[PDB]
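Every read-out reported here was derived from the displayed coordinates using simple, explicitly stated rules and does not represent laboratory data. Positions of Cβ are backbone-derived with ideal geometry, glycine not excepted, and every protein chain shown enters the neighbour counts.
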2 protein chains.
Amino acid sequence: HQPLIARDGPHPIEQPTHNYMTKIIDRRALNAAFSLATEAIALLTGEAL
Amino acid sequence: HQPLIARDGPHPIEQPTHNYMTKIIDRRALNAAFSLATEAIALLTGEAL
């Protein structure tokens with residue numbers, strides 16, 4: 001919204017205004033890795049015990 | 001009003017003076033708009049209830 005002040009003519013008579021806005025959500029993401037080895041898989045399983 | 005001092009010669013003898021003043025009141029005017037809409041008349045009236 002906007003407030004006003006009153007004046008004398010011959011200014012044209014100014015009106016009360018309004019302003020309306022919408023904003024769009026912008027979207028981002030993250031990344032990370034974890035990598036294992038070949039033999040570290042089997043040691044959790046049991047295939048190399 | 002004006003106060004005085006007394007003098008000697010050859011300065012001339014001064015008199016008490018007076019002043020009277022009138023001042024015309026300046027005058028202005030203000031303006032501010034309001035404007036409604038077409039539908040909002042029928043909402044406040046009862047024609048769209």
Quick one: with label points 7 Å out along Cα→Cβ, list the inter-copy distances for A:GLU39 in nm, shortest first?
-> 7.6
Residue-wise, which Karplus ³J(HN,Hα) couplings in Hz belong to the range A:33-42, taking 6.51 cos²θ - 1.76 cosθ + 1.60, θ = phi - 60°, and x for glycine or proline?
-> 10, 9, 3, 9, 9, 6, 7, 6, 6, 5
Starting from the Kirkwood radius over alpha-carbon pairs of the protein assembly as shown, derive D by Stokes-Einstein at 37 °C in a medium of 0.692 mPa s and give it in µm² s⁻¹.
-> 127 µm²/s
Shielding by partners - mean other protein chain Cβ count within 10 Å, residues of B:33-39 = 2
